[PDB]
Every structure is written in C-alpha cells, then in structure tokens.
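Just the one chain here, laid out as structure tokens, in the form deposited in one PDB entry.
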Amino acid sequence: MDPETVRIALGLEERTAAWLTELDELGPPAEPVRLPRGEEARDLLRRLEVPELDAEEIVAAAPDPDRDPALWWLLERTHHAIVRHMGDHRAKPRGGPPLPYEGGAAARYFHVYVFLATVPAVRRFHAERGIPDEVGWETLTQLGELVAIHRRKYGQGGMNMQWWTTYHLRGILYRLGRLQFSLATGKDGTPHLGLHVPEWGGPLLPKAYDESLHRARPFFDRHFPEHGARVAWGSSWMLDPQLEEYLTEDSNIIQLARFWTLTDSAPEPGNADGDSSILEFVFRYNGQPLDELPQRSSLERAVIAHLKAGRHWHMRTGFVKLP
C-alpha cells in the first residue's frame, strides 16, 4: 500500500502525511508483527491489568491483515518506529496519531494492539538488561490503567495515551513501587531520572514514596550503569505551591512537596497553561461545565474554587537528590 491510501482509508488528517511517509520509508519490522489471539491474548491483557470488559472487546475486535489492510500496514510500521528506539531515551516519544473512531473497535484499540505486538520486544530488552520479571511486568501494567482512563474519560473503550506508552515500550521507564522513573537527560546532556506518579496504586503515602526513592539509584546503577543519574526531576501540577492555600497538613502532596526544590521561576498569574493538566489528573476533564464536576474531595473543591475565583494553576518543576 501507499501512505496516502492508508491516510485516506483510515480518515487521518493531512498533517499526518509526513509521519506516514516516514513510516513508509522505515518499512515493516524484521520480526513480523504478531498479535496474540484468544486465551493467549486474554492471559496477556490480564497480566497487563486491562479490565475484563475492555480485554474481551480488544480480543473480539483484533484486526486482520486481509480485511484491515490499511490498519495492518500502520500497525506493523508503528511497531517498527517504536522498537527502532528500544532503550533510547534521547528519541522523542512518537507513538503515532489516534485513529478516527469511525473505524470501530479496531481503530479505538489500535494502540493497544501496538502495545501487545511490542511486548515480546520490550520483554527481551528487559531480559538483556537483567531487569527482574516482576519489575518488567509491574511497569507494563500501566496499559490497563490507561485503558481504564480512556473509558472513564470518554465513555467507550480505547487508549489514546500512546505517546506515553512509548516510554514503557522502549524500556526507558520502570515502575519501582509507587513511583515510576525514566532515563532522562537535561538540556546540557546531564543524566537524571524523571520521576512520575501513575494513578493506580492508592495514595502517595510517605513510606511508599520513600521506598520508591530508595530503589531508584540501586536499580539504575545495576541495570543501566552507563547512565549515572544522581537527581530525580519532576514537573507536575502537584508541585504548585498554590495548593497550600487549599490542602491541609494531612495531604500527602503537601507533606512530600516540602522535600522538593523548585527550579522554575514563579509563573505569571495570568498564565493559564497549567489549568488543563490539573483538570486532566483530578477529573480526567473532557469539557464539562465546571460546577458539574464532582466535589467530594478537598482537592476537587480546591481546583474548582481556585478557577472560579479567576485564578490559574501552574505546572512546577523541581528536583530531589536520589538517596
């Protein structure tokens, strides 16, 4: 097939042409793309903590090379475009565009199929790096979380966080207890670890946070000794000191943010760039009228109160030294 035919068949926008040309030049992977089917597929999806409802649907809608040629063309090359950067954190996180939902369940679940097809490759990388199996699997389970998030946010099955799963699939991100850590470099090339907080796994309890921090240096110095990070960096709505107006002393965020050293400037009060982030992570915001969002928790009430008052939330950036 040709990239223009794929683009038109799948209903992809004109801007995606450059990507599709790049995928055309890259070509199919050396190891043919294989999707698990049936109970094999159900076992893998369950291992990745995909909810039963979605997993059933994913298995049912799995595409076919003959009946879904445009989709298959893209699945092979997207897989290839990811595995070509296995272990490479300097490459940008390009998972490809979401597919228009007029293509049905196979289109909605496209990047789940990408993920499934790429599991063997990343698991081989984990093995080569000596990563324990439990850590490898624990890391890959965010697929289930992101699938669940799609359904909560939009109302039907899907997974549209494919840019983020390129981290898991390149073996450059590891879940080490409550927190995740990514191989990263600053603008000056200095190695660090990106610190991330997946939604699943309960509250950000101080003892769980501390355990994760203690795991970071030993893990990376053992399996990626060439990296040599000494510091973890975080960028998050969580680091916004404005939260102190609203959250009390029992807040995990408040207690733990106190250990962080913020490195960005106090943002302009009129800068609204951070509003969408906090709305995503607190409400999985999808354009609802604000006073029709839940108000059960102190943070839910905080986000809305602050915004109603004409004020703005900001992503802040900081670091903590690795123990």
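The first residue of the shown sequence is 1; numbering continues from there.
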Per the entry, higher mean C-alpha B factor between 106-114 and 244-252: 244-252
Stretch with the greater mean C-alpha B-factor as recorded in the entry, comparing 59-67 against 282-290: 282-290
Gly155 CA temperature factor, ranked by third within the chain: highest
Chain-relative CA temperature factor third for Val50: lowest
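Beyond what is shown, the protein has a form solved in complex with a partner chain; the following relates to that form.
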4.5 Å heavy atom contact, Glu40 to the partner chain in the bound PDB entry: no
Distance check, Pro93 to the partner chain in the bound PDB entry, heavy atom within 4.5 Å: yes
is_contact(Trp163, the partner chain) in the bound PDB entry, heavy atom dist at most 4.5 Å: yes
Exercise: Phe259 in contact with the partner chain in the bound PDB entry, heavy atom 4.5 Å: no
Stretch in contact, per heavy atom within 4.5 angstroms of the partner chain in the bound PDB entry, of 41-49, 66-74, 287-295, 269-277: 269-277
Position in contact with the partner chain when the complex is considered in the bound PDB entry, options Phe220, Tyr167, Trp233, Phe125, heavy atoms within 4.5 Å: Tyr167
